[PDB]
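The chain below stands alone, shown as structure tokens; this is the form deposited in one PDB entry.
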């Protein structure tokens, strides 16, 4: 029989252009059949009624019942491409930075301010006009303030008096803007946050997209922190700049993919002071608008499935060579 690869995520993701392009290419594998779980089934049917698969590609996004995906995987024991329990930890920026540190990965200097929503002023924060002290640790402006929830994209940057003060407020893109300037110089007074050193870059972020530990595509984009105007092409897509990862960065990608157990994994690098710092790990993420990535991603994933499962199914398989980029 065919090896069945099940795709389990919200319809917004499962029906996205990149997903559709990659799935049509995985389907080209002679012994692989792809089954995409319907969103109504995922949300409304008990896991005992979900389709069977031998290999499961499943990932959390807004609205996804991760509890059910975990229960399905426990019930059916498929080969899991992106580990489901790690996807709880990826939702918490504190847990992400904790894992990165354990792996010897360079990250910005940071401190966590945990607030009790009933006792909001009893926390360990002291504010001056050009710095904050968080659990005794001093962060001079500029510094970055991130909600402890990785799904909350309201990241603020605070400017020093020498630069005119105020703050830059970042958010999920709304049309032509990714951030806005605020005259507010004081930090947020409710909620829990990570405070971290601002890393000076050339004004771009590097986005890295892994497909297993030995393949990573990278590209750069204008930092939303810069002025907040999105650069769009005549075709309406955000402008992306070419990047080739150096040896240190290729190792970072290997470590991130393995430490979070996410075969398909997006993360962000800040190229600053002659080194590269990880500032965000997002988990499952596909490159958009690269045909070569579609081809490579589908081949690599298909090959992983065949490597793992072909012996079980008595299918002959000789392990092929793959690009690292």
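Residue numbers count along the first chain shown, from 1. Throughout, rigid core stands for the largest set of C-alpha atoms superposing within 1.5 Å between the two forms.
J.: Check the entry's C-alpha temperature factors for 75-83 and 212-220, then say which stretch has the higher mean.
T.: Of 212-220 and 75-83, the stretch with the higher C-alpha B-factor average is 75-83.
J.: Which of the two stretches, 64-72 or 256-264, shows the higher mean Cα temperature factor in the record?
T.: According to the PDB entry, the answer is 64-72.
J.: Choose from 103, 92, 205, 145 the residue with the greatest Cα B-factor as stated in the PDB record.
T.: 103 has the highest C-alpha B-factor of those listed.
J.: Choose from 237, 169, 248, 153 the residue with the greatest Cα B-factor as stated in the PDB record.
T.: Answer, based on the entry's C-alpha B-factors: 237.
J.: Quick one: classify residue 24 as lowest, middle or highest third of the chain based on its Cα B-factor.
T.: Its C-alpha B-factor belongs to the middle third of this chain's values.
J.: Would you check the entry's CA temperature factor for residue 291 and let me know if it's in the chain's lowest, middle or highest third?
T.: Highest third, going by the recorded CA B-factors of the chain.
J.: Comparing against every modelled residue in the chain, figure out the third that the C-alpha B-factor of residue 243 lands in (lowest, middle or highest).
T.: Its C-alpha B-factor belongs to the lowest third of this chain's values.
J.: Splitting the chain's C-alpha B-factors into thirds, which one does residue 283 fall into?
T.: Its C-alpha B-factor belongs to the lowest third of this chain's values.
J.: Could you say whether, by C-alpha temperature factor, residue 176 belongs to the lowest, middle or highest third of its chain?
T.: Ranked within chain, residue 176 CA B lands in the highest tercile.
If you look for the form deposited in another entry, you will not find it shown, but the lines that follow are about it.
J.: If you fit the rigid core and then compare C-alpha positions between the shown form and the other one, only one of 121, 248, 172, 74 moves by 2 Å or more. Name it.
T.: Comparing the C-alpha positions, the one residue that moves 2 Å or more is 121.
J.: Quick check on residue 236: with the core superposed, does its CA move 2 angstroms or more between the shown form and the other one?
T.: It does, since the residue 236 C-alpha is displaced 2 Å or more between the shown form and the other one after the core fit.
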